Structures are given as C-alpha cells and as structure tokens.
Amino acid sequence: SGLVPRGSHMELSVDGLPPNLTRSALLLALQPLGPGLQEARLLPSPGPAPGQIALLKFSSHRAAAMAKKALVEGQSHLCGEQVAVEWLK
C-alpha cells in the first residue's frame, strides 16, 4: 500500500537467541556472515520460552543466502557443548 516491493529472500529470521544477548554481542558474533549484512533488529522471541529473534537484512539475496547456509552449517556441526578451541602448542 504505497511501499516499494521488498526483494524476495533478503532478510533472515534467527529465533531462540539468548534472552539477555546485547545488540553489540550479537553483531560481534554475526561478523563472519560477511559485509552483505545491512541492518539487524533484535526483539523478544514470541512464545512460552525466553529468547530473542534477530531480523537480519542483507544488501542482496546472494549475501542473505550465503549467510543462511553459513549459520545452518555452523549450527548442525559446530555446536557441540564440549567443543574446545585453543592455540595448537
């Protein structure tokens, strides 16, 4: 209704982030999603469980789809609770 049409698949929804995660801590963690990330909105997550949802708007569909893949791959393989990162002595 008057608004420019939104480009399709340029914005990700990331739901169930930590309840007290700060905007600056989120943007530090999202840095590797690359220079395509334009804006971030952080709200309380809908539903019974505490959390936040982040709305991540990219400058292209290509930047957004790269970011979506990256997040999903990290989530499905690097999120082990006993994963430990250190300098190799």
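Residue indices: 1-based, along the sequence shown.
Enquirer: Higher mean Cα B-factor in the deposited model: 61-69 or 74-82?
Expert: Taking the mean B-factor of the alpha carbons in each, 74-82 is higher.
Enquirer: Specify which of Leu56, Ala49, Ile53, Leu33 carries the largest Cα B factor in the deposited PDB entry.
Expert: Highest C-alpha B-factor among the listed residues goes to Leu33.
Enquirer: Give the position of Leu43 by CA B-factor within its chain, expressed as the lowest, middle or highest third.
Expert: It falls in the top third of the chain.
Enquirer: Relative to the other modelled residues of the same chain, rank the CA B-factor of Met10 and answer lowest, middle or highest third.
Expert: Within its chain, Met10 is a highest-third residue by C-alpha B-factor, going by the deposited values.
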